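Asks: As a preliminary step, the opening chains of the complex are given here in situ:
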Amino acid sequence: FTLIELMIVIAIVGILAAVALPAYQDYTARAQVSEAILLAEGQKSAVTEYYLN
């Protein structure tokens, strides 16, 4: 008879999270890799010097 505004809007936020799930999941991974890269670098110094010397 009535109450569908609460039911649909709770189910659009539910599906909104499902659509926002893979975006945050590669943005996220892509973020965790960007650090492996920062940890890898800064060690270029040692390696560069060792090679040139």
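Replies: Done, it's in. Numbering: from 1, shown residues only, chains lettered A, B, ... in the order given.
Asks: longest single helix anywhere in chain A?
Replies: As assigned by DSSP state H, the longest helix anywhere in chain A is helix A:5-40.
Asks: Now do the buried residues in stretch A:27-41.
Replies: Neighbour counts over stretch A:27-41 (16 or more other CB atoms under 10 Å) mark no residue as buried. From N, CA and C alone the C-beta is placed, and that goes for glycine too.
Asks: now do stretch A:45-52
Replies: Within stretch A:45-52, judged by 16+ other CB under 10 Å, no residue is buried.
Asks: Assign residue A:42 to helix, strand or coil.
Replies: Following DSSP: H, G, I helix; E, B strand; the rest coil, residue A:42 is assigned to coil.
Asks: Contacts only, for it.
Replies: By CB atoms under 8 Å, 6 or more residues apart in numbering, residue A:42 lies in contact with nothing.
Asks: Spell out for me which residue occupies the centre of chain A.
Replies: Central residue of chain A (CA atoms, centre = their mean): residue A:28, 1.1 Å from the mean position.
Asks: also put chain B on there:
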Amino acid sequence: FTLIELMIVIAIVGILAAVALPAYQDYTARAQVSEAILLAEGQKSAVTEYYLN
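Replies: With chain B now in place:
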């Protein structure tokens, strides 16, 4: 969503080393030659004397 400050600054130090690479590599060579020159000299004495005598 976020983490690009760590990713770019690890990648600017990486490219900074690549730009600082040829500068240290001729400054370096130019330094190793400046010695071949010092080792060559100081032997001028012997040679000069031998010639004048």
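Asks: and the contacts of residue A:42, now that chain B is part of it?
Replies: Listed by CB atoms under 8 Å, 6 or more residues apart in numbering or on different chains, the contact set of residue A:42 reads B:10, B:13.
Asks: Please state the backbone phi and psi of it?
Replies: Main-chain dihedrals, residue A:42, degrees, to the nearest 10: phi 70, psi 0.
Asks: what helices or strands is the helix or strand following the longest helix of chain A leaning on?
Replies: Next along the chain after helix A:5-40, taking DSSP states H and E as the criterion, comes helix A:44-52. Judged by 3 or more CB pairs under 8 Å, 6 or more residues apart in numbering or on different chains; DSSP states H and E, the packing partners of helix A:44-52 are helix B:5-40.
Asks: Which strands or helices does the helix it packs on pack on?
Replies: Helix B:5-40 is packed against helix A:5-40, helix A:44-52, with contacts defined by 3+ CB pairs under 8 Å, 6+ apart.
Asks: Quick check: buried residues in it?
Replies: Neighbour-count burial for helix B:5-40 flags B:7, B:10, B:13, B:17 (criterion: 16 or more other CB atoms under 10 Å in any protein chain shown).
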